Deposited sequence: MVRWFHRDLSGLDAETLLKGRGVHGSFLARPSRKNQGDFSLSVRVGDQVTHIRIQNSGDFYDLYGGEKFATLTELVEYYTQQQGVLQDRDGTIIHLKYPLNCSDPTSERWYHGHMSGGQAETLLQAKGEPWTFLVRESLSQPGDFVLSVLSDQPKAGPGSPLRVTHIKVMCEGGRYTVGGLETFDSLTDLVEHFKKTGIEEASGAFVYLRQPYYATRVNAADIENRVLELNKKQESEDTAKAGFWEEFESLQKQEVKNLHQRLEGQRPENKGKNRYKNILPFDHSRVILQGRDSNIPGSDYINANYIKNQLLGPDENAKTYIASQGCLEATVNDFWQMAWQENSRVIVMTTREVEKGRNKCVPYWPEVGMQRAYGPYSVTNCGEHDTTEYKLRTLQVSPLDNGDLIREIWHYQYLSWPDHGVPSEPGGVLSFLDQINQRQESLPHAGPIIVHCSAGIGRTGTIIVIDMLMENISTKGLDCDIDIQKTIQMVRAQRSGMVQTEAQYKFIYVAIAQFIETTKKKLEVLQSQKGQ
């Protein structure tokens, strides 16, 4: 994903593509203060064309193309020539050579968001002289600061700071030498050593690394923290051949959004002699940051739900002994369909293949509805099993909820249900394509669990958790808005649990 450039104006791209790329060269870039917007900068001949890509929460949407799960998948699709990308006027565009850049966004020493105060605190606390760190300058954006721990008392150790100016593209701490990137500069001095404002000569021997991530509560007073995860979709580009059989064609709500082959749910009891018949657009998601000795809920993430897959859906639930179903969308929102129904109306009794499901009741909240379903295989109507349907109904068609309390109740309830049950299978979570809202919900739920199971003194790495689920299903958590949402929701959950009353 080295073709992804964080801070890069549209005009500055044409400049970069024209001075370092060739016909076919392309790079991806953000819009900056224009949420839900990304742009693809292709170099056609000697011109630089731009295609905006929108993402309101369910998937990346390209203008003059199709929908995808991740920018990396989008690129790969067109790069494989799998389709025809075109622009209003200048039709048929081609992608050939990524134009790479070095974004430190994921550097072990990059801490940007950090302030000089929490900088000196953290470095002196580790006490080892020559431990460096870089951060965003609050004084003047675009320019960062080199903060290193020296070996002179001032008692704790004196942390010397250094300014890194960004003279339009290139970088400079003040010397006559300039640098391509932030990493080029950091590597340079890491060996050279660097002279400070005084005469003093410091060394960048080791980057600062923390671990005690818990009372995140303070981060709640992201854009970068998000895109920092972006450069990582490379690792999770697993095979999805199975969802590509011409047969399963009508089993996919979105042509290019498919389940990974290693975690895809396999419909049991099927005719092996029918090409593609054990297929369903859905994956098993687990908290893989836990060991076998550890305990925790597990999930199945699925796409919306077609009239063609309604019965296949019910087979998944039955075979998995799944007792709880979570819907994160209304059947149709703002005009576009999101998920056909798969349940009879209150009191009614419909059959979906070798199964009978009856809607024994409906209960409402301002935010959502709960349908208490009863299901049993026709060939044995006395093997009745209880399945509770949770359908969230207040999510904004655009963006994310204003407050987290609504989704937290939803999740809390869902959890008590699962827990109260004797040997129940994984929880089924779905929406439209099954990657944004469902990704967001499953993560929020996993982070809610380790806090609940272990204490308030545990590790709460949101990023690592999000990167972990993305390994099991492409996309999981789409926009920066959900990213922040996970944070704000958890923080509220923390305070809640951390209530004053010492009932413990």
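- Gaps in the coordinates relative to the deposited sequence fall at 1, 156-159, 227-243, 527-532.
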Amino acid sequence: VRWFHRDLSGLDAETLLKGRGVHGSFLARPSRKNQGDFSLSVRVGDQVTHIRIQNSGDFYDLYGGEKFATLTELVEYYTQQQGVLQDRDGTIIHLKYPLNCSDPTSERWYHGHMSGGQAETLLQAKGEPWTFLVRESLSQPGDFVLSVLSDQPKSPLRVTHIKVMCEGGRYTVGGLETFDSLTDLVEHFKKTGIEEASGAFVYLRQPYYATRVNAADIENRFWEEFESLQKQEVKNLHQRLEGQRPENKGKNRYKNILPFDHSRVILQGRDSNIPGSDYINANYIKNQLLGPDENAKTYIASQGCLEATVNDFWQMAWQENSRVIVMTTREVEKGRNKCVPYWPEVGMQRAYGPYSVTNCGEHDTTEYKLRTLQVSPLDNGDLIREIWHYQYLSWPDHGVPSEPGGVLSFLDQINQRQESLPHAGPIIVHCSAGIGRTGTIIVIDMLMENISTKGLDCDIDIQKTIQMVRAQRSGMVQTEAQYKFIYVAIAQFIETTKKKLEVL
From here on, numbers count along this sequence of modelled residues.
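- Annotation for 131-139 versus 306-314: the higher mean temperature factor (C-alpha) is found in 131-139.
- The stretch 28-36 shows the higher mean C-alpha B-factor when 28-36 is compared against 446-454 in the entry.
- Per the PDB record, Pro153 has a higher Cα B-factor than any other of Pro153, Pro344, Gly291, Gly425.
- Residue set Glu120, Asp412, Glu419, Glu386: peak C-alpha B-factor at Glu120 (per PDB entry).
- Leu241 sits in the middle third of its chain by CA B factor, as recorded in the PDB entry.
- Per the deposited record, the Cα B-factor of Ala215 falls in the highest third when ranked against the other modelled residues of its chain.
- Compared with the other modelled residues of the chain, the Cα B-factor recorded for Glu367 ranks in the lowest third.
- Split the chain's modelled residues into thirds by C-alpha temperature factor. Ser228 is in the middle one.
- Ranked within its chain, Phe68 lands in the lowest third, by CA B factor from the PDB record.
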